[PDB]
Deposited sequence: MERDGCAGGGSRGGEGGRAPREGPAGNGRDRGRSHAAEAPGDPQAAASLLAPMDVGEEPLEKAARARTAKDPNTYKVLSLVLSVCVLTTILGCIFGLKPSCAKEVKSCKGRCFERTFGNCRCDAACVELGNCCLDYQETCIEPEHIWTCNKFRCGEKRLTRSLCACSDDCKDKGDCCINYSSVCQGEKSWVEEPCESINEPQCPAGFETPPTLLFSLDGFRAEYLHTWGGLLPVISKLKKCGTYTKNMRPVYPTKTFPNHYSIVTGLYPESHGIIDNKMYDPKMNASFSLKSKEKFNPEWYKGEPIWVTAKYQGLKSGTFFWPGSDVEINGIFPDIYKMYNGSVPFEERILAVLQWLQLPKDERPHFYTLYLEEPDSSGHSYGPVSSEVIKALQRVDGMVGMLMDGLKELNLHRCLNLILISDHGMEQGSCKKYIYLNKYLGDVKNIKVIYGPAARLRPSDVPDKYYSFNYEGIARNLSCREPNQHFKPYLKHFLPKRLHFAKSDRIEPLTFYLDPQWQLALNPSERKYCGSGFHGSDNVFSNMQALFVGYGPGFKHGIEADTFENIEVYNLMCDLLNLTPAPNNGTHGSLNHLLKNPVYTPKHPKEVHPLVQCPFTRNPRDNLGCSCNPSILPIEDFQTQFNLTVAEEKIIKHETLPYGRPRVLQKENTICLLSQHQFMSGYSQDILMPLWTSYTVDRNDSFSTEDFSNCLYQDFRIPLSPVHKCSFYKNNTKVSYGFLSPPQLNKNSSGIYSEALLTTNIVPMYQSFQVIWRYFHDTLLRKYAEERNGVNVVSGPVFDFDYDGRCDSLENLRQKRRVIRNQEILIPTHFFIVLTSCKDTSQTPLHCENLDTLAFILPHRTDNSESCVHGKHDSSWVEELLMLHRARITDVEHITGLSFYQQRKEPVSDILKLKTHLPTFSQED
């Protein structure tokens, strides 16, 4: 009492220890002077020094006995000064019925972003992060949320609230140039506030049109007039506002009367991204930053508990991207290869892009291909790869927008690129922006509230799926977006949207056998191959025989075509089924099944085709059209090397209906896949269902071109109009359980590819062993959903599983 400042801050005294500002110089302050009298001006917490304090006028919050009555207690008052449990101290309790005030018949959703919180931080430092660890334990968690490319702040935040890829929402980076606008985007510029930049519909706009209000305390686009709308409450970005004030403001919004109180909220903190850059992802500063944000989340949860909203609000704790350690030894300078040239502007970092400096004049006319070829395969194990945006892997969906420079660079993990050492920051800092499948780029996601399941660890999903999920939690109709609505139904207690397989628009045409003359196709067939001598006999199949074929080749149902004006017909064979397009003189898809103990022949089958009498014969279906053709060759969808009955060559696979145009350079990849890889996959998985086909994406928009658009994209080769695929897709399907074969799976294990169809193999740097083919396949892996979008096909429509469980499977991207 006599030795303490409690009750007497700033009052003068004769009785020994002092409690006025002069005491410090004299070193005769009471031991508790700072804690009792000064600290309260600078902190938002109660402590054992402050419990029952005489109210101070300058204190940020109160711990005085009268604080509950005046309603300005520090958030931790009850826990510290009345011995009640904090939110984190309480054991998990399930939230089956929400406990909400009137106005929250639909509960609120809060989107809470920790910038640059890599998923790995929680994997390794969970023991140092009790609040986030408890949200994981009590809630719905994934070890990894996959961000969008490039893995940067504005693209990923705007992707989260729109469900769009950056190529569609238009925010592709923190610095952009738009040629059509002839303007540059910068966060320091006034162009940041120009609505022209922000495409799509953020969830706060979706919400407003359907009568819910929004409160954003910082989010990319929330301080911009998008479709003529701001959030009902928004803050002009000011990184200097302390984290505690942002959280206290959101807690004020949740106490507004129901007429003006938002349903959708955002909260954004700059940590741990800021510390990640400045000190690296493995550092004392990042540990301290992680503990600080853990405490801020705890402050929100304690605040919600005080308001009795902790079993009402749906919390989505999220991050935009991860963080990697940069190195000056892992930075590439283009001036080494190009010299100190002054005609190009190079966007530096791991997501490096190149543009002419003379814009908008030379933006399209500039010789990108020149520099592409100049920078290809210059060193062995080169750590960067030049790509024309349309040749990047389709899984990145990084090409449609004109704001994406025609020449991009793909960089290996930990590697960055600039023009020269002058035009970058510090090379040794932490960075992000790399490929969105790299481990250290993976993001945080925890869902907690009445809408979310409890104690669930979901498989990896993409942040573009979150918009639909938030719409479901708010009973909103989602705007068109790149999420698959229902793919995240497994995260929710009570899904509101039941998805249905899409309807096939035109019913399948039939391609009947027509008697016609055995023609010369100009083939020099290998003697070994037993030809088809009675076609009418060999392809007149009994209902019984067909049921056996269908069961073996379409165990999941036939791919369905969703294209508007398209006429496909089913072609049956003993080892494979196919959907043939008369309009493009080519199959859209084949389906077959390689069994564990099947044989692959090394026997030559070049310059051999057999006529299919089910379709009219065409010049492009003849060996003669391809004989010494320098511009294009051909390849088979269903592989002739695969024989079940004989050990020779499966003759039916040599039909004119099972060939697609194919560059000689691509034949190496295709030959290696069917000869070597497909055999290894069949063995390892105890059988593999295969569906392969061509892909036409001339608009490089990740979508199948219309038949109308395809009629203008045909090339003329030897005075014939031929359509040459942009890509080839493959979809492998085995069982999770290798005890079962692909016709009797309880759970499907899938692996899909969208292989670019290029005239050379410059991408793979072929010099030193066809091991490079596997690397190319992995880099160009895709979600089945990516294949569906780009082919206009829809798979697995006859699996017994509920539709949402299939959508989960189709949106999966594999890791290795």
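Asks: Residue ranges with no C-alpha coordinates, please: along the deposited sequence, counted from 1, in order.
Replies: Several stretches lack coordinates - namely 1-103, 872-873, 922-925, in sequence order.
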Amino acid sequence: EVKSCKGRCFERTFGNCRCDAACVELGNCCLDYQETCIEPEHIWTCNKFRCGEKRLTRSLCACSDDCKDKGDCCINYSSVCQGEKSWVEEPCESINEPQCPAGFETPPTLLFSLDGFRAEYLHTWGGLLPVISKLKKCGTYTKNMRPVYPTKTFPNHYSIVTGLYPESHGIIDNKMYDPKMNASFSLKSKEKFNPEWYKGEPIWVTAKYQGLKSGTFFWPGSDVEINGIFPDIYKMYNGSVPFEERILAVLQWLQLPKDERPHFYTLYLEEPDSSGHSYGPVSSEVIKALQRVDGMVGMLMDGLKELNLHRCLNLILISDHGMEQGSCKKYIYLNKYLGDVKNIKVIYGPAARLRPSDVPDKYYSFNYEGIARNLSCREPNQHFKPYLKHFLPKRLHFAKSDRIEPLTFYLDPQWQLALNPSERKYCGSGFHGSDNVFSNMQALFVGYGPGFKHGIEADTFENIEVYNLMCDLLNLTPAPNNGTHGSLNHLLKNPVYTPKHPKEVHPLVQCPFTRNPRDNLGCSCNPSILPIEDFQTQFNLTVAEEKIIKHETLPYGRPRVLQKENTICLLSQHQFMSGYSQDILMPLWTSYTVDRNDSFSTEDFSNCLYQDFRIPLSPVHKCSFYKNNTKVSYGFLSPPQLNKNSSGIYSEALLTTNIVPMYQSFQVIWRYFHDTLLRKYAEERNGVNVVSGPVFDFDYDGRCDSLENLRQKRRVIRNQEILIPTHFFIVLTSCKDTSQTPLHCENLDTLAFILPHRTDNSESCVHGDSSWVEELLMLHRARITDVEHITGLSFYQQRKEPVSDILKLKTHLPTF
From here on, numbers count along this sequence of modelled residues.
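Asks: Per the PDB record, is the mean Cα temperature factor higher over 752-760 or over 63-71?
Replies: Mean C-alpha B-factor is greater for 63-71.
Asks: Between 117-125 and 714-722, which has the larger average Cα B-factor in the PDB entry?
Replies: Mean CA B-factor is higher for 714-722.
Asks: From 270, 105, 201, 675, can you pick the one with the highest C-alpha B factor in the entry?
Replies: Of the options given, 675 has the highest CA B-factor in the PDB entry.
Asks: From 747, 36, 791, 785, pick the one with the largest CA B-factor in the entry?
Replies: Result of the comparison over 747, 36, 791, 785: 747.
Asks: Could you say whether, by C-alpha temperature factor, residue 170 belongs to the lowest, middle or highest third of its chain?
Replies: For residue 170, whose C-alpha B-factor we compare with every modelled residue in the chain, the answer is the lowest third.
Asks: When the modelled residues of the chain are sorted by Cα temperature factor, does residue 730 land in the lowest, middle or highest third?
Replies: Its C-alpha B-factor belongs to the middle third of this chain's values.
Asks: Give the position of residue 779 by CA B-factor within its chain, expressed as the lowest, middle or highest third.
Replies: Tercile = lowest for this residue's CA B-factor.
Asks: So where's residue 235 on the chain's Cα temperature factor ranking, which third?
Replies: Ranked within chain, residue 235 CA B lands in the middle tercile.
Asks: Taking only the Cα B-factors deposited for this chain, tell me whether residue 49 sits in the lowest, middle or highest third.
Replies: Middle third, going by the recorded CA B-factors of the chain.
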